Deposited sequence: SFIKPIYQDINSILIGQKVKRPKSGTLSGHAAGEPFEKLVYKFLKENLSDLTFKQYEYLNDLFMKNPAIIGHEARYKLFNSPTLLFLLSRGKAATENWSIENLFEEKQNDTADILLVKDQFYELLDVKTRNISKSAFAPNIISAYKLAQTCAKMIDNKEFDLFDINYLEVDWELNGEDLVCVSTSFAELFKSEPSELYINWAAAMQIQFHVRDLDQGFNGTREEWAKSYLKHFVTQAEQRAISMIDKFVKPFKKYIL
């Protein structure tokens, strides 16, 4: 991680920060800090895409523009769709998109850190948030394996806890954790919640002992196993209880 060496600082600077009154905008402050302290490495996802295509003005159409990624897995995680990519121009730049994978990209020497900020109202009853689609993650692992891209990118999370203090939201603490250091078989896949893996960053175990390739194979075994169990569970929860009204 490129963030990890300055996380202590980040943690200190963010605590006490405020945003007018839900905590979503704290992500903008995370970005501001990173832009100030790692200016050359830091991008919004759409910003990285805009920069990539701006540097290659002669490369037009979605196919050629896709070739600029030089990585199947990164293309998968970061690109916009074919029409969006084809219609891109300096006058028609990418702006934020609701379901972009990452909030913030940090890249250096062609290694990629995908950072997702998780904001959390710390006064409400704890509810683990959507982290990332378990299915997007499965596809990522399969593509990592097919292409032997095991040392190219990390997926990392920064939790920003906040509380309502008068007119303002204030940050009270933060946490940092790396997806690829968690034990894959311990990740919670909430199928109803858009097939999303869910955890609090603060709680994520970080003791995985294997290679990235091993992480990928292991998560895939986990994913496949959970999907099988869910297929069965749906009869239990969505079929059985209601059959008495229709038979």
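Comparing the deposited sequence with the modelled residues shows one gap only, at 22-31, with numbering starting at 1.
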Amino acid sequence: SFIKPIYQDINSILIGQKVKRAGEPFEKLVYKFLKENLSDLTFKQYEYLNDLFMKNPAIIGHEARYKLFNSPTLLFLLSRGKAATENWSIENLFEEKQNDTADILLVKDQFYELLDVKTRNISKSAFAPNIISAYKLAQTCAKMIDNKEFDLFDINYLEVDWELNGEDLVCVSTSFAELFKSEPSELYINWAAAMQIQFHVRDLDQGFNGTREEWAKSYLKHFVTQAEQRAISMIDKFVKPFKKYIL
From here on, numbers count along this sequence of modelled residues.
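Heads up, when I say rigid core I mean the largest set of C-alphas that superpose within 1.5 Å between the two forms.
Choosing between 26-34 and 53-61, the greater Cα displacement from the shown form in 6 other deposited structures of this protein, fitted by the core, goes with 26-34. Where the structures in 6 other deposited structures of this protein are fitted on the rigid core, 10-18 is the one of 10-18 and 220-228 whose C-alphas sit farther from the shown form on average. The mean C-alpha temperature factor is higher for 159-167 when 159-167 and 145-153 are set side by side. Note on 43-51 vs 192-200: mean CA B-factor is higher in 43-51. Taking only the listed residues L220, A64, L187, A58, the entry reports the highest CA temperature factor at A58. For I122, the recorded CA temperature factor ranks within the highest third of the chain's modelled residues. Per-chain ranking of the deposited C-alpha B factor places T140 in the lowest third. For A227, the recorded CA temperature factor ranks within the lowest third of the chain's modelled residues. In the deposited entry, the Cα temperature factor of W215 sits in the middle third of values across the chain's modelled residues. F69: CA B factor in the highest third of modelled residues in this chain (values from the PDB entry).
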